[PDB]
Amino acid sequence: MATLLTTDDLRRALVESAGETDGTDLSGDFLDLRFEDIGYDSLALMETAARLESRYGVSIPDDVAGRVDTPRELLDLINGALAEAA
């Protein structure tokens, strides 16, 4: 059945990596947002992915992690790798 990331799962990654709700409101849907729009660098995106990567046992290239403009594609990317697992 696999284990995919919901809006809460990915939200936590962003929030926890940034700190603790530091203006980073990913409450509800945040897929149609942009990382620059929410004050994120790819550096934090690495950290975001890494925290999830470690739990789910996935691995995404740093260059690919720090390439997503929208949180949607970050979710899409990890869920893609999650589907590459079983």
# chains A, B, ... in the order shown; residues from 1 in each chain; ligands from 1
$ closest_atom_pairs --of "stretch 61-81 of chain A" --to "stretch 26-48 of chain A" --cutoff "9 Å" --atoms "only C-alpha atoms" --output "Markdown table"
| residue | atom | partner | partner_atom | distance |
| --- | --- | --- | --- | --- |
| A:62 | CA | A:46 | CA | 6.2 |
| A:63 | CA | A:42 | CA | 8.9 |
| A:65 | CA | A:46 | CA | 5.9 |
| A:66 | CA | A:42 | CA | 4.2 |
| A:67 | CA | A:42 | CA | 7.0 |
| A:68 | CA | A:35 | CA | 7.9 |
| A:69 | CA | A:34 | CA | 5.5 |
| A:70 | CA | A:34 | CA | 4.4 |
| A:71 | CA | A:31 | CA | 5.0 |
| A:72 | CA | A:31 | CA | 4.0 |
| A:73 | CA | A:31 | CA | 7.7 |
| A:74 | CA | A:45 | CA | 8.4 |
| A:75 | CA | A:31 | CA | 8.1 |
$ closest_atom_pairs --of "stretch 12-43 of chain A" --to "stretch 50-56 of chain A" --cutoff "10 Å" --atoms "only C-alpha atoms" --output "Markdown table"
| residue | atom | partner | partner_atom | distance |
| --- | --- | --- | --- | --- |
| A:12 | CA | A:52 | CA | 9.6 |
| A:13 | CA | A:51 | CA | 6.8 |
| A:14 | CA | A:51 | CA | 9.7 |
| A:16 | CA | A:51 | CA | 9.3 |
| A:17 | CA | A:51 | CA | 8.4 |
$ write_last_selection --atoms "N, CA, C and O atoms" --output "tab-separated table (two decimals), in the first residue's frame"
chain	number	residue	atom	x	y	z
A	12	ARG	N	5.19	19.41	8.57
A	12	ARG	CA	6.02	19.23	9.75
A	12	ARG	C	7.47	19.37	9.42
A	12	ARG	O	8.20	20.02	10.14
A	13	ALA	N	7.89	18.80	8.30
A	13	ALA	CA	9.28	18.86	7.88
A	13	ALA	C	9.73	20.31	7.71
A	13	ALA	O	10.75	20.70	8.29
A	14	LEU	N	8.96	21.10	6.95
A	14	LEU	CA	9.25	22.52	6.76
A	14	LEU	C	9.29	23.27	8.10
A	14	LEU	O	10.27	23.97	8.40
A	16	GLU	N	9.49	22.13	11.33
A	16	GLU	CA	10.54	21.66	12.23
A	16	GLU	C	11.93	22.10	11.78
A	16	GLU	O	12.77	22.43	12.61
A	17	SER	N	12.16	22.12	10.48
A	17	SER	CA	13.45	22.50	9.97
A	17	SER	C	13.68	24.01	10.14
A	17	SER	O	14.79	24.44	10.47
$ select_by_dssp --residues "stretch 15-67 of chain A" --states "helix (DSSP H, G or I)" --output "list in words"
residues 15, 16, 17, 18, 42, 43, 44, 45, 46, 47, 48, 49, 50, 51, 52, 53, 54, 55, 56, 62, 63, 64 and 65 of chain A
$ write_last_selection --atoms "N, CA and C atoms" --output "PDB file, in the first residue's frame"
ATOM      1  N   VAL A  15       8.239  23.090   8.898  1.00  0.00           N
ATOM      2  CA  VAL A  15       8.102  23.763  10.191  1.00  0.00           C
ATOM      3  C   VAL A  15       9.270  23.418  11.118  1.00  0.00           C
ATOM      4  N   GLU A  16       9.494  22.131  11.333  1.00  0.00           N
ATOM      5  CA  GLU A  16      10.543  21.656  12.228  1.00  0.00           C
ATOM      6  C   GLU A  16      11.930  22.099  11.779  1.00  0.00           C
ATOM      7  N   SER A  17      12.162  22.116  10.484  1.00  0.00           N
ATOM      8  CA  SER A  17      13.452  22.496   9.970  1.00  0.00           C
ATOM      9  C   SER A  17      13.679  24.009  10.143  1.00  0.00           C
ATOM     10  N   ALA A  18      12.624  24.803   9.960  1.00  0.00           N
ATOM     11  CA  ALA A  18      12.725  26.255  10.100  1.00  0.00           C
ATOM     12  C   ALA A  18      12.816  26.645  11.570  1.00  0.00           C
ATOM     13  N   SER A  42      17.316  26.512  -0.622  1.00  0.00           N
ATOM     14  CA  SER A  42      17.455  25.094  -0.904  1.00  0.00           C
ATOM     15  C   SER A  42      18.124  24.395   0.276  1.00  0.00           C
ATOM     16  N   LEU A  43      18.927  25.160   1.015  1.00  0.00           N
ATOM     17  CA  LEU A  43      19.646  24.671   2.180  1.00  0.00           C
ATOM     18  C   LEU A  43      18.668  24.068   3.197  1.00  0.00           C
ATOM     19  N   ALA A  44      17.558  24.755   3.411  1.00  0.00           N
ATOM     20  CA  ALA A  44      16.535  24.288   4.333  1.00  0.00           C
ATOM     21  C   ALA A  44      15.749  23.149   3.706  1.00  0.00           C
ATOM     22  N   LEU A  45      15.679  23.137   2.384  1.00  0.00           N
ATOM     23  CA  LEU A  45      14.965  22.089   1.664  1.00  0.00           C
ATOM     24  C   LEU A  45      15.692  20.761   1.804  1.00  0.00           C
ATOM     25  N   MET A  46      17.027  20.829   1.836  1.00  0.00           N
ATOM     26  CA  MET A  46      17.881  19.646   2.060  1.00  0.00           C
ATOM     27  C   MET A  46      17.489  19.044   3.382  1.00  0.00           C
ATOM     28  N   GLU A  47      17.504  19.902   4.382  1.00  0.00           N
ATOM     29  CA  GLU A  47      17.149  19.575   5.741  1.00  0.00           C
ATOM     30  C   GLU A  47      15.722  19.030   5.847  1.00  0.00           C
ATOM     31  N   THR A  48      14.816  19.648   5.122  1.00  0.00           N
ATOM     32  CA  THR A  48      13.434  19.217   5.044  1.00  0.00           C
ATOM     33  C   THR A  48      13.368  17.761   4.525  1.00  0.00           C
ATOM     34  N   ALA A  49      13.967  17.525   3.357  1.00  0.00           N
ATOM     35  CA  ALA A  49      13.958  16.229   2.728  1.00  0.00           C
ATOM     36  C   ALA A  49      14.635  15.199   3.610  1.00  0.00           C
ATOM     37  N   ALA A  50      15.837  15.521   4.084  1.00  0.00           N
ATOM     38  CA  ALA A  50      16.670  14.623   4.901  1.00  0.00           C
ATOM     39  C   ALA A  50      15.924  14.026   6.089  1.00  0.00           C
ATOM     40  N   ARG A  51      15.127  14.844   6.751  1.00  0.00           N
ATOM     41  CA  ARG A  51      14.374  14.412   7.919  1.00  0.00           C
ATOM     42  C   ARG A  51      13.324  13.359   7.529  1.00  0.00           C
ATOM     43  N   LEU A  52      12.739  13.529   6.368  1.00  0.00           N
ATOM     44  CA  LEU A  52      11.743  12.603   5.877  1.00  0.00           C
ATOM     45  C   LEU A  52      12.419  11.388   5.245  1.00  0.00           C
ATOM     46  N   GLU A  53      13.500  11.641   4.506  1.00  0.00           N
ATOM     47  CA  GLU A  53      14.303  10.601   3.868  1.00  0.00           C
ATOM     48  C   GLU A  53      14.737   9.561   4.885  1.00  0.00           C
ATOM     49  N   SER A  54      15.238  10.034   6.013  1.00  0.00           N
ATOM     50  CA  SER A  54      15.720   9.172   7.080  1.00  0.00           C
ATOM     51  C   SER A  54      14.605   8.279   7.666  1.00  0.00           C
ATOM     52  N   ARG A  55      13.396   8.820   7.807  1.00  0.00           N
ATOM     53  CA  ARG A  55      12.300   8.043   8.377  1.00  0.00           C
ATOM     54  C   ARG A  55      11.793   6.997   7.395  1.00  0.00           C
ATOM     55  N   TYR A  56      11.532   7.410   6.181  1.00  0.00           N
ATOM     56  CA  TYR A  56      10.901   6.531   5.204  1.00  0.00           C
ATOM     57  C   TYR A  56      11.896   5.645   4.464  1.00  0.00           C
ATOM     58  N   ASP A  62      20.794  15.879  -3.489  1.00  0.00           N
ATOM     59  CA  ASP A  62      20.766  17.238  -2.912  1.00  0.00           C
ATOM     60  C   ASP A  62      20.432  18.251  -3.996  1.00  0.00           C
ATOM     61  N   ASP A  63      21.001  18.029  -5.166  1.00  0.00           N
ATOM     62  CA  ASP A  63      20.782  18.888  -6.332  1.00  0.00           C
ATOM     63  C   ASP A  63      19.325  18.857  -6.791  1.00  0.00           C
ATOM     64  N   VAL A  64      18.647  17.756  -6.543  1.00  0.00           N
ATOM     65  CA  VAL A  64      17.255  17.605  -6.933  1.00  0.00           C
ATOM     66  C   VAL A  64      16.337  18.162  -5.830  1.00  0.00           C
ATOM     67  N   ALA A  65      16.770  18.017  -4.582  1.00  0.00           N
ATOM     68  CA  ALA A  65      16.033  18.553  -3.438  1.00  0.00           C
ATOM     69  C   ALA A  65      16.009  20.065  -3.514  1.00  0.00           C
TER      70      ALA A  65
END
$ atom_distance --atom1 "atom CA of residue A:8" --atom2 "atom CA of residue A:61"
23.0 Å
